[PDB]
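Shown next: work-v6.csv, given as CSV, C-alpha atoms.
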chain,number,residue,atom,x,y,z
A,555,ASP,CA,66.8,105.2,125.2
A,556,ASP,CA,64.9,108.0,123.5
A,557,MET,CA,68.1,109.4,122.0
A,558,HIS,CA,69.2,106.0,120.8
A,559,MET,CA,65.8,105.4,119.2
A,560,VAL,CA,65.7,108.8,117.4
A,561,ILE,CA,69.3,108.1,116.1
A,562,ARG,CA,68.3,104.7,114.9
A,563,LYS,CA,65.2,106.2,113.2
A,564,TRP,CA,67.3,108.7,111.4
A,565,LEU,CA,69.8,106.0,110.4
A,566,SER,CA,66.9,104.0,108.8
A,567,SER,CA,65.4,107.1,107.3
A,568,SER,CA,65.1,106.9,103.5
A,569,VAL,CA,65.5,110.6,102.9
A,570,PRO,CA,69.3,111.4,102.8
A,571,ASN,CA,68.7,114.8,104.3
A,572,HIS,CA,69.7,114.7,107.9
A,573,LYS,CA,70.9,111.1,107.6
A,574,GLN,CA,74.4,112.5,108.0
A,575,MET,CA,73.1,114.1,111.2
A,576,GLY,CA,72.7,110.5,112.5
A,577,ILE,CA,76.4,110.0,112.3
A,578,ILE,CA,77.0,113.4,113.7
A,579,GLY,CA,74.9,112.5,116.7
A,580,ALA,CA,76.7,109.1,116.9
A,581,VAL,CA,80.2,110.8,117.2
A,582,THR,CA,78.7,113.3,119.6
A,583,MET,CA,77.5,110.5,121.8
A,584,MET,CA,80.9,108.8,121.6
A,585,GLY,CA,82.4,112.1,122.7
A,586,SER,CA,80.6,111.6,126.1
A,587,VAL,CA,83.1,108.9,126.9
A,588,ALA,CA,86.0,111.3,126.4
A,589,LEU,CA,86.9,111.6,130.1
A,607,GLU,CA,80.1,98.5,130.6
A,608,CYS,CA,80.6,101.8,128.6
A,609,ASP,CA,81.3,99.8,125.5
A,610,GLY,CA,77.9,98.1,125.1
A,611,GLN,CA,75.7,101.0,124.0
A,612,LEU,CA,78.6,102.2,121.8
A,613,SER,CA,78.9,98.8,120.2
A,614,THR,CA,75.1,98.7,119.5
A,615,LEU,CA,75.2,102.2,118.0
A,616,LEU,CA,78.2,101.5,115.8
A,617,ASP,CA,76.6,98.2,114.7
A,618,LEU,CA,73.5,100.2,113.6
A,619,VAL,CA,75.8,102.8,111.9
A,620,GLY,CA,77.7,100.1,110.0
A,621,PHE,CA,74.4,98.4,109.0
A,622,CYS,CA,73.0,101.8,107.7
A,623,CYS,CA,76.3,102.9,106.1
A,624,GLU,CA,78.4,99.9,105.3
A,625,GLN,CA,77.5,100.3,101.6
A,626,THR,CA,77.6,104.1,101.6
A,627,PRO,CA,81.1,105.5,100.8
A,628,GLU,CA,80.1,109.1,101.3
A,629,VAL,CA,78.7,108.2,104.7
A,630,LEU,CA,81.9,106.4,105.6
A,631,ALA,CA,83.8,109.6,104.6
A,632,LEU,CA,81.6,111.7,106.9
A,633,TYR,CA,82.1,109.1,109.6
A,634,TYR,CA,85.9,109.4,109.4
A,635,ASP,CA,85.7,113.1,109.2
A,636,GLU,CA,83.5,113.1,112.4
A,637,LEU,CA,86.2,111.2,114.3
A,638,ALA,CA,88.8,113.6,112.9
A,639,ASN,CA,86.9,116.6,114.2
A,640,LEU,CA,86.3,114.9,117.5
A,641,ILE,CA,90.0,114.2,118.1
A,642,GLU,CA,91.0,117.6,116.9
A,643,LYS,CA,88.5,119.4,119.2
A,644,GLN,CA,89.3,117.7,122.4
A,645,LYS,CA,92.6,115.9,121.7
A,646,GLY,CA,94.3,117.3,124.8
A,647,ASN,CA,92.7,114.9,127.3
A,648,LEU,CA,91.1,112.2,125.2
A,649,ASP,CA,91.0,108.7,126.8
A,650,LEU,CA,93.6,106.6,125.1
A,651,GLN,CA,92.2,103.1,125.9
A,652,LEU,CA,88.6,104.1,125.0
A,653,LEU,CA,89.6,105.7,121.7
A,654,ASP,CA,91.8,102.7,120.8
A,655,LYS,CA,89.0,100.2,121.5
A,656,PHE,CA,86.9,102.0,118.9
A,657,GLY,CA,89.6,102.9,116.4
A,658,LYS,CA,92.0,99.9,116.3
A,659,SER,CA,90.5,98.8,112.9
A,660,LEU,CA,92.1,101.6,110.9
A,661,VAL,CA,95.7,100.3,111.3
A,662,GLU,CA,94.8,97.3,109.3
A,663,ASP,CA,92.1,99.0,107.1
A,664,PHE,CA,94.3,101.7,105.6
A,665,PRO,CA,97.5,100.0,104.3
A,666,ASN,CA,95.5,96.9,103.1
A,667,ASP,CA,93.2,99.3,101.1
A,668,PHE,CA,95.5,102.0,99.8
A,669,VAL,CA,99.0,100.9,100.5
A,670,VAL,CA,99.8,98.9,97.3
A,671,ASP,CA,102.9,97.1,96.3
A,672,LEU,CA,105.4,99.2,94.4
A,673,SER,CA,106.7,96.5,92.0
A,674,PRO,CA,107.9,97.7,88.6
A,675,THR,CA,105.8,95.1,86.8
A,676,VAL,CA,102.4,96.9,87.4
A,677,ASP,CA,100.1,96.4,84.4
A,678,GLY,CA,96.4,96.4,83.7
A,679,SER,CA,93.6,98.0,81.6
A,680,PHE,CA,94.3,101.6,82.7
A,681,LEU,CA,93.8,104.4,80.2
A,682,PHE,CA,97.4,105.5,80.8
A,683,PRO,CA,100.5,103.7,82.1
A,684,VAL,CA,101.3,103.8,85.8
A,685,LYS,CA,104.6,105.5,86.5
A,686,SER,CA,106.1,105.9,90.0
A,687,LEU,CA,106.4,109.7,89.9
A,688,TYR,CA,107.8,111.9,92.7
A,689,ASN,CA,110.1,109.5,94.4
A,690,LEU,CA,110.8,110.7,97.9
A,691,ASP,CA,114.1,110.8,99.8
A,692,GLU,CA,113.8,107.0,100.3
A,693,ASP,CA,116.0,105.7,97.5
A,694,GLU,CA,114.3,102.2,97.3
A,695,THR,CA,114.2,101.7,101.1
A,696,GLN,CA,110.4,100.9,100.9
A,697,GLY,CA,109.8,100.4,97.2
A,698,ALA,CA,107.2,97.7,98.0
A,699,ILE,CA,105.0,100.4,99.6
A,700,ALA,CA,103.2,103.0,97.4
A,701,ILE,CA,99.9,104.7,96.9
A,702,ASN,CA,98.3,103.0,93.9
A,703,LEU,CA,95.8,105.8,93.0
A,704,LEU,CA,95.6,104.8,89.3
A,705,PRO,CA,94.3,101.3,89.8
A,706,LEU,CA,92.1,102.5,92.7
A,707,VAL,CA,90.3,105.0,90.6
A,708,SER,CA,89.8,102.5,87.8
A,727,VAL,CA,88.0,101.1,99.4
A,728,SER,CA,87.1,104.1,97.3
A,729,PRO,CA,89.0,107.2,96.1
A,730,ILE,CA,87.0,109.7,98.2
A,731,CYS,CA,87.9,108.3,101.6
A,732,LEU,CA,91.7,108.4,101.2
A,733,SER,CA,92.5,111.7,102.9
A,734,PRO,CA,89.9,111.4,105.7
A,735,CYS,CA,91.4,108.0,106.6
A,736,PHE,CA,94.9,109.4,106.4
A,737,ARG,CA,93.8,112.3,108.7
A,738,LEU,CA,92.4,109.9,111.3
A,739,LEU,CA,95.5,107.7,111.1
A,740,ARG,CA,97.7,110.7,111.7
A,741,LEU,CA,95.6,112.0,114.6
A,742,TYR,CA,95.5,108.5,116.2
A,743,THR,CA,99.2,108.0,115.8
A,744,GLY,CA,99.8,111.5,117.4
A,745,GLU,CA,97.6,110.4,120.3
A,746,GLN,CA,99.4,107.1,120.8
A,747,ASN,CA,102.9,108.5,120.2
A,748,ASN,CA,104.0,112.1,120.6
A,749,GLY,CA,106.0,112.2,117.4
A,750,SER,CA,104.0,111.1,114.4
A,751,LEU,CA,107.2,110.0,112.6
A,752,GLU,CA,107.6,106.8,114.5
A,753,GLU,CA,104.4,105.3,113.1
A,754,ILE,CA,103.9,106.8,109.6
A,755,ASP,CA,107.4,108.0,108.7
A,756,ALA,CA,107.7,106.0,105.5
A,757,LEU,CA,104.4,107.5,104.1
A,758,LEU,CA,106.0,110.9,103.6
A,759,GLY,CA,108.5,109.9,100.8
A,760,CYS,CA,106.3,107.4,99.0
A,761,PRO,CA,106.0,107.7,95.2
A,762,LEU,CA,102.7,108.1,93.4
A,763,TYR,CA,101.2,106.2,90.4
A,764,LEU,CA,100.6,108.7,87.6
A,765,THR,CA,101.0,109.0,83.8
A,766,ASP,CA,103.4,111.3,81.9
A,767,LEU,CA,102.9,115.0,82.3
A,768,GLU,CA,103.9,115.6,78.7
A,769,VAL,CA,100.4,114.3,77.7
A,770,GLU,CA,99.0,117.5,79.0
A,771,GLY,CA,100.2,119.2,75.7
A,772,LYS,CA,98.1,116.9,73.5
A,773,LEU,CA,94.8,117.7,75.2
A,774,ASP,CA,92.8,117.5,71.9
A,775,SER,CA,93.7,113.8,71.7
A,776,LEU,CA,91.6,113.3,74.8
A,777,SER,CA,88.3,114.1,73.0
A,778,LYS,CA,86.4,114.4,76.3
A,779,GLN,CA,87.1,110.8,77.2
A,780,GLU,CA,90.6,110.9,78.7
A,781,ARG,CA,90.5,114.5,79.7
A,782,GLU,CA,87.7,114.1,82.2
A,783,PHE,CA,89.4,110.9,83.5
A,784,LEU,CA,92.7,112.6,84.1
A,785,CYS,CA,91.2,115.8,85.6
A,786,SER,CA,89.7,113.7,88.5
A,787,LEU,CA,93.1,112.0,89.0
A,788,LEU,CA,94.9,115.4,89.1
A,789,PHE,CA,92.4,116.7,91.7
A,790,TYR,CA,92.9,113.6,93.9
A,791,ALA,CA,96.7,113.9,93.6
A,792,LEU,CA,96.5,117.6,94.7
A,793,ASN,CA,94.2,116.7,97.6
A,794,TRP,CA,96.5,113.9,98.7
A,795,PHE,CA,99.5,116.2,98.6
A,796,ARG,CA,97.7,118.9,100.6
A,797,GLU,CA,96.7,116.3,103.2
A,798,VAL,CA,100.3,115.0,103.6
A,799,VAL,CA,101.8,118.5,103.8
A,800,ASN,CA,99.2,119.4,106.3
A,801,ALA,CA,100.1,116.3,108.3
A,802,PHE,CA,103.8,116.5,108.4
A,803,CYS,CA,104.5,120.3,108.4
A,804,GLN,CA,103.8,120.9,112.1
A,805,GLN,CA,106.3,118.2,113.3
A,806,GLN,CA,109.9,119.5,112.9
A,807,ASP,CA,112.8,117.0,112.6
A,808,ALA,CA,116.2,116.7,110.9
A,809,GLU,CA,115.7,116.7,107.1
A,810,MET,CA,111.8,116.6,107.3
A,811,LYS,CA,111.5,120.3,106.3
A,812,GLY,CA,113.3,119.7,103.1
A,813,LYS,CA,110.9,117.0,102.2
A,814,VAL,CA,108.0,119.3,103.1
A,815,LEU,CA,109.4,122.1,100.8
A,816,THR,CA,109.9,119.6,97.9
A,817,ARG,CA,106.3,118.5,98.4
A,818,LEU,CA,105.2,122.2,98.2
A,819,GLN,CA,107.2,122.4,94.9
A,820,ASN,CA,105.3,119.3,93.7
A,821,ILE,CA,102.0,121.0,94.6
A,822,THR,CA,102.8,124.1,92.7
A,823,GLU,CA,104.0,122.1,89.6
A,824,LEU,CA,100.8,120.0,89.7
A,825,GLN,CA,98.7,123.1,90.0
A,826,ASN,CA,100.5,124.7,87.1
A,827,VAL,CA,99.7,121.5,85.0
A,828,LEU,CA,96.1,121.6,86.2
A,829,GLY,CA,95.7,125.2,85.0
A,830,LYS,CA,96.6,124.4,81.4
A,831,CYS,CA,94.5,121.2,81.7
A,832,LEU,CA,91.4,122.9,82.9
A,833,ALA,CA,91.8,125.7,80.4
A,834,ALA,CA,90.6,123.2,77.7
A,835,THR,CA,87.6,121.9,79.8
A,836,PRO,CA,84.4,123.9,79.1
A,837,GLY,CA,82.9,122.4,82.3
A,838,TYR,CA,83.5,119.9,85.0
A,839,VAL,CA,82.0,118.8,88.4
A,840,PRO,CA,84.8,117.8,90.8
A,841,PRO,CA,84.1,115.5,93.8
A,842,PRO,CA,82.8,117.0,97.0
A,843,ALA,CA,86.1,116.7,98.8
A,917,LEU,CA,92.4,129.9,88.4
A,918,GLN,CA,90.5,130.4,91.6
A,919,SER,CA,87.1,129.1,90.5
A,920,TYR,CA,87.8,125.7,92.1
A,921,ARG,CA,88.6,127.3,95.5
A,922,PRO,CA,86.1,125.4,97.8
A,923,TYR,CA,86.7,121.9,96.4
A,924,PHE,CA,90.3,121.7,97.8
A,925,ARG,CA,91.0,120.2,101.2
A,926,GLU,CA,91.1,122.8,103.9
A,927,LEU,CA,94.6,124.0,104.9
A,928,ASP,CA,95.5,123.9,108.6
A,929,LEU,CA,96.6,127.1,110.3
A,930,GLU,CA,99.8,125.3,111.5
A,931,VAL,CA,101.0,125.2,107.9
A,932,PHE,CA,102.0,128.9,108.0
A,933,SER,CA,104.6,127.9,110.7
A,934,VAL,CA,106.7,126.7,107.7
A,935,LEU,CA,107.7,130.3,106.9
A,936,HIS,CA,110.1,130.4,109.9
A,959,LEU,CA,111.6,129.2,99.4
A,960,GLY,CA,110.7,130.2,95.9
A,961,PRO,CA,108.3,132.9,94.9
A,962,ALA,CA,105.4,130.5,93.8
A,963,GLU,CA,105.2,128.7,97.1
A,964,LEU,CA,105.3,132.0,99.0
A,965,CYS,CA,102.5,133.4,96.8
A,966,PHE,CA,100.4,130.3,97.3
A,967,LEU,CA,100.8,130.3,101.1
A,968,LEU,CA,100.1,134.1,101.3
A,969,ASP,CA,97.0,133.8,99.2
A,970,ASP,CA,95.7,131.1,101.5
A,971,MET,CA,96.4,133.3,104.6
A,972,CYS,CA,94.8,136.3,103.1
A,973,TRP,CA,91.7,134.4,102.1
A,974,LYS,CA,91.4,133.1,105.6
A,975,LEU,CA,91.9,136.5,107.3
A,976,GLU,CA,89.5,138.2,104.9
A,977,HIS,CA,86.7,136.1,106.5
A,978,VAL,CA,87.7,135.5,110.1
A,979,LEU,CA,88.8,139.0,111.1
A,980,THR,CA,86.2,141.0,109.0
A,1000,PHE,CA,86.2,126.9,106.7
A,1001,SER,CA,85.1,124.5,109.3
A,1002,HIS,CA,88.5,123.7,111.0
A,1003,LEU,CA,89.8,127.2,111.8
A,1004,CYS,CA,86.3,128.3,113.1
A,1005,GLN,CA,86.9,125.9,116.0
A,1006,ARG,CA,89.2,128.5,117.6
A,1007,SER,CA,88.3,132.1,118.6
A,1008,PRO,CA,89.4,135.3,116.8
A,1009,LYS,CA,91.8,136.0,119.7
A,1010,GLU,CA,93.6,132.7,119.0
A,1011,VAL,CA,93.8,133.6,115.3
A,1012,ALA,CA,95.1,137.0,116.1
A,1013,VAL,CA,97.9,135.7,118.5
A,1014,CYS,CA,98.8,133.0,116.0
A,1015,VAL,CA,99.1,135.6,113.2
A,1016,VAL,CA,101.1,138.0,115.4
A,1017,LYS,CA,103.5,135.2,116.2
A,1018,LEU,CA,104.6,135.1,112.5
A,1019,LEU,CA,105.3,138.8,112.0
A,1020,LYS,CA,109.1,138.6,112.0
A,1021,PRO,CA,109.5,136.4,108.9
A,1022,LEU,CA,107.0,138.6,107.0
A,1023,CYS,CA,109.1,141.6,107.8
A,1024,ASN,CA,112.2,139.7,106.6
A,1025,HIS,CA,110.4,138.8,103.4
A,1026,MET,CA,109.3,142.5,102.9
A,1027,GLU,CA,112.9,143.7,103.3
A,1028,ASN,CA,114.0,141.1,100.8
A,1029,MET,CA,111.4,142.4,98.3
A,1030,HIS,CA,112.5,146.0,98.9
A,1031,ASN,CA,116.1,145.1,98.3
A,1032,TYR,CA,115.2,143.2,95.1
A,1033,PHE,CA,113.1,146.0,93.7
A,1034,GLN,CA,115.8,148.6,94.4
A,1035,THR,CA,118.5,146.5,92.9
A,1036,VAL,CA,116.3,145.5,89.9
A,1049,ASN,CA,112.0,138.2,83.5
A,1050,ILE,CA,108.4,139.1,83.1
A,1051,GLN,CA,107.2,136.0,85.0
A,1052,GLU,CA,109.4,136.7,88.0
A,1053,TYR,CA,108.4,140.3,88.0
A,1054,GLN,CA,104.7,139.5,88.1
A,1055,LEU,CA,105.2,136.9,90.8
A,1056,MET,CA,107.1,139.4,93.0
A,1057,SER,CA,104.5,142.1,92.4
A,1058,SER,CA,101.8,139.7,93.5
A,1059,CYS,CA,103.8,138.6,96.6
A,1060,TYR,CA,104.3,142.3,97.6
A,1061,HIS,CA,100.6,143.1,97.1
A,1062,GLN,CA,99.7,139.9,99.2
A,1063,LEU,CA,102.2,141.0,102.0
A,1064,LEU,CA,100.6,144.5,102.2
A,1065,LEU,CA,97.0,143.2,102.2
A,1066,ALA,CA,97.8,140.9,105.0
A,1067,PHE,CA,99.2,143.8,107.0
A,1068,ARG,CA,96.1,145.9,106.6
A,1069,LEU,CA,93.8,143.0,107.4
A,1070,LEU,CA,95.7,142.4,110.6
A,1071,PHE,CA,95.9,146.0,111.8
A,1072,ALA,CA,92.3,146.9,110.9
A,1073,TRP,CA,91.0,144.3,113.3
A,1074,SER,CA,88.1,145.9,115.2
A,1075,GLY,CA,88.9,143.9,118.4
A,1076,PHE,CA,91.8,146.2,119.0
A,1077,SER,CA,89.2,148.9,120.0
A,1078,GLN,CA,88.6,147.0,123.2
A,1079,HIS,CA,91.0,147.7,126.1
A,1080,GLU,CA,91.8,144.0,126.9
A,1081,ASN,CA,93.9,143.5,123.9
A,1082,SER,CA,96.4,146.3,124.7
A,1083,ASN,CA,99.3,143.9,125.3
A,1084,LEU,CA,98.9,142.3,121.8
A,1085,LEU,CA,99.0,145.6,120.0
A,1086,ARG,CA,101.9,146.8,122.1
A,1087,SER,CA,103.8,143.6,121.2
A,1088,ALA,CA,103.1,144.0,117.5
A,1089,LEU,CA,104.2,147.6,117.5
A,1090,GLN,CA,107.3,146.6,119.5
A,1091,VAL,CA,108.2,144.1,116.8
A,1092,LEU,CA,107.9,146.7,114.1
A,1093,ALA,CA,109.9,149.3,116.1
A,1094,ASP,CA,112.6,146.7,116.9
A,1095,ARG,CA,112.8,146.0,113.2
A,1096,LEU,CA,113.4,149.7,112.5
A,1097,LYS,CA,116.2,150.4,115.0
A,1098,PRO,CA,118.9,148.0,116.4
A,1099,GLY,CA,116.6,147.2,119.3
A,1100,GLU,CA,116.2,148.3,123.0
A,1101,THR,CA,112.5,149.2,122.9
A,1102,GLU,CA,112.4,149.0,126.7
A,1103,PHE,CA,108.6,149.3,126.8
A,1104,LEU,CA,108.6,152.8,125.3
A,1105,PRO,CA,105.5,155.1,125.3
A,1106,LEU,CA,102.7,154.3,122.9
A,1107,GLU,CA,103.2,157.5,120.9

What do you get writing this file as structure tokens?
Amino acid sequence: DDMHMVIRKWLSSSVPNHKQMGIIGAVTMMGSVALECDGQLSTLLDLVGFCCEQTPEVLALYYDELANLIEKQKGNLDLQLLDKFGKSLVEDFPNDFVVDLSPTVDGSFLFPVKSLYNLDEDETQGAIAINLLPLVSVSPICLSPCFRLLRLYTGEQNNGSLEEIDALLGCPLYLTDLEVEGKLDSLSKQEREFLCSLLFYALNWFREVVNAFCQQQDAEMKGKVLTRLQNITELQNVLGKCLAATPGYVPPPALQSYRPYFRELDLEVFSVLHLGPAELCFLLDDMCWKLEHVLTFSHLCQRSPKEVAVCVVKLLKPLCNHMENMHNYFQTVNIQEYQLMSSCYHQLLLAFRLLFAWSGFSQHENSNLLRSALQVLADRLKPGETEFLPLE
């Protein structure tokens, strides 16, 4: 009763500071049923809805709270209890964001709506699309939290996430013509600020979907993932020239100045390396930025440094194959390609030093991990047959 009272008091508190802590405590309390349980939960969620039904940012934090809850203890979460609280999203999401994809879309938008980036579905589900342009003018901020929770719930209900949300991967996106990026001066700080926000939201949506679908491996899925990665790098290249003409801008809470505003990239994404130069440079930059902090940001901190180390060591073979390809190219050997390859090489070596300089290898418990990594490198040198050779 005391906990419920303090949670309700914080929910009704006028100062926004710590009001988010109310929803944090609410999801923490709901975690207690993660083995008449529904009554107190219903009262708490009624209070939360009353105190945040008109707050979009609070709704975003609420969805993120469920996402973190499912991610943390998704192994043995109760299916029926989770469904009884989360059944609303199945109707909430497509009714809000899943718009019709008819070609007769019209309105008072600043730029025309074009169905860019048609997926592998050649008109199979043309009536389904993500109408971001009418939505910006259900709020824009909450899209990727809601998609994250939908993905996690579908993974809970069904082992393969394809059976529920398979059509979402190849959907088009409502956007204007990229050629307008050349005529930036025509914007006059009226259209430029409008389209900057839209470009950020498009990048965040693409990051969310590639984060969702990359871990699951199926026939032809990986090609769609790689094409989406190409779409991300093309959009980022457009955004660079766009933001070059913006003296200042404040993006939503969610060219490395805009690093923290992007959606966090899951550590499973680097399983994709098992590709052009731009995508490889982008992924390696993300990996190096993570290892520069962990081994010397909310999602990867959930797991210990030992888990990060074993996950990184699992990927050592494709890195070696890439390095050998770089060596062959440079021996055999286009200013842009030369710069890209030099950056990739410098990103490959920095990752190597950050792995091997990990202080935790001083302790004796991690002898097997270091022996395995050195075994991989030695097997890369010779034909094989390490046979558990001596350390020297």

To one decimal place, how far is atom CA of residue A:741 from atom CA of residue A:706 in Å?
24.1 Å

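Across the structure, atom CA of residue A:734 and atom CA of residue A:763 are spaced 19.7 Å apart.
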
Within 9 Å of stretch 787-793 of chain A: each stretch 842-1052 of chain A residue with its shortest pair, only C-alpha atoms, as CSV:
residue,atom,partner,partner_atom,distance
A:843,CA,A:793,CA,8.2
A:924,CA,A:793,CA,6.3
A:925,CA,A:793,CA,6.0

Need the shell around residue A:968: protein/DNA/RNA residues with any atom at most 8 Å away, counting all atoms listed in the file. Skip same-chain ones fewer than 6 positions apart. Format as a ChimeraX atom specification?
/A:1059,1062-1063

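Between atom CA of residue A:613 and atom CA of residue A:1001 the interatomic distance comes to 28.6 Å.
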
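Remark: for residue A:1018, the closest of the candidate residues A:962, A:1088, A:1095, A:752 is A:1088 (distances computed over only C-alpha atoms).
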
Contact residues around residue A:794 with all atoms listed in the file at 8 Å, ignoring same-chain residues under 4 positions, as an mmCIF file with C-alpha atoms, in the coordinates of the input:
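Below is the file part-v9.cif, written as the result:
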data_model
loop_
_atom_site.group_PDB
_atom_site.id
_atom_site.type_symbol
_atom_site.label_atom_id
_atom_site.label_comp_id
_atom_site.auth_asym_id
_atom_site.auth_seq_id
_atom_site.Cartn_x
_atom_site.Cartn_y
_atom_site.Cartn_z
ATOM 1 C CA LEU A 732 91.700 108.400 101.200
ATOM 2 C CA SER A 733 92.500 111.700 102.900
ATOM 3 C CA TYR A 790 92.900 113.600 93.900
ATOM 4 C CA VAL A 798 100.300 115.000 103.600
#

Using all atoms listed in the file, which residues sit within 12 Å of residue A:621 once same-chain residues fewer than 4 positions away are excluded, as an MDAnalysis selection string?
chainID A and resid 562 565:566 614:617 625:626 629:630

Cut-off 10 Å around (80.2, 113.3, 116.6) with only C-alpha atoms: residues as an MDAnalysis selection string:
chainID A and resid 575:586 632:641

Give me, as a PyMOL selection string, all polymer residues having an atom no more than 12 Å from residue A:749, counting all atoms listed in the file and skipping those fewer than 4 positions away in the same chain.
chain A and resi 740-745+753-755+801-802+804-807

Which is closer to residue A:820 than all the others in A:687, A:1026, A:979, A:1070, using only C-alpha atoms?
A:687

Can you sort out the box for stretch 659-666 of chain A, edges along x, y and z, all listed atoms in, 8 Å on every side, with centre and edge lengths in Å to one decimal, as AutoDock Vina command-line options?
--center_x 94.0 --center_y 99.3 --center_z 108.0 --size_x 23.0 --size_y 20.8 --size_z 25.8

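Distance annotation: of A:772, A:781, A:977, A:936, the residue with the minimal separation from residue A:1069 is A:977; atom set is all atoms listed in the file.
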
Contacts of residue A:1060 at 10 Å (all atoms listed in the file; same-chain gap of 2+ positions) as a PDB file with C-alpha atoms, in the frame of the given file:
ATOM      1  CA  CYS A 965     102.500 133.400  96.800  1.00  0.00           C
ATOM      2  CA  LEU A 968     100.100 134.100 101.300  1.00  0.00           C
ATOM      3  CA  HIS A1025     110.400 138.800 103.400  1.00  0.00           C
ATOM      4  CA  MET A1026     109.300 142.500 102.900  1.00  0.00           C
ATOM      5  CA  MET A1029     111.400 142.400  98.300  1.00  0.00           C
ATOM      6  CA  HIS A1030     112.500 146.000  98.900  1.00  0.00           C
ATOM      7  CA  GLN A1054     104.700 139.500  88.100  1.00  0.00           C
ATOM      8  CA  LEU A1055     105.200 136.900  90.800  1.00  0.00           C
ATOM      9  CA  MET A1056     107.100 139.400  93.000  1.00  0.00           C
ATOM     10  CA  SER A1057     104.500 142.100  92.400  1.00  0.00           C
ATOM     11  CA  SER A1058     101.800 139.700  93.500  1.00  0.00           C
ATOM     12  CA  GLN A1062      99.700 139.900  99.200  1.00  0.00           C
ATOM     13  CA  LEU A1063     102.200 141.000 102.000  1.00  0.00           C
ATOM     14  CA  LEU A1064     100.600 144.500 102.200  1.00  0.00           C
ATOM     15  CA  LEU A1065      97.000 143.200 102.200  1.00  0.00           C
ATOM     16  CA  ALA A1066      97.800 140.900 105.000  1.00  0.00           C
TER      17      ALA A1066
END

Give as an MDAnalysis selection string the set of residues within 9 Å of the point (102.6, 102.7, 86.5), where distances use the file's coordinates and only C-alpha atoms.
chainID A and resid 674:677 682:687 702 704 762:765

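Counting all atoms listed in the file, the residue from A:731, A:784, A:661, A:588 that sits nearest to residue A:646 is A:588.
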
Proximity to residue A:705 - best of A:935, A:799, A:735, A:669, only C-alpha atoms:
A:669

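Nearest residue to residue A:1013, choosing from A:1084, A:959, A:927, A:815 and counting only C-alpha atoms: A:1084.
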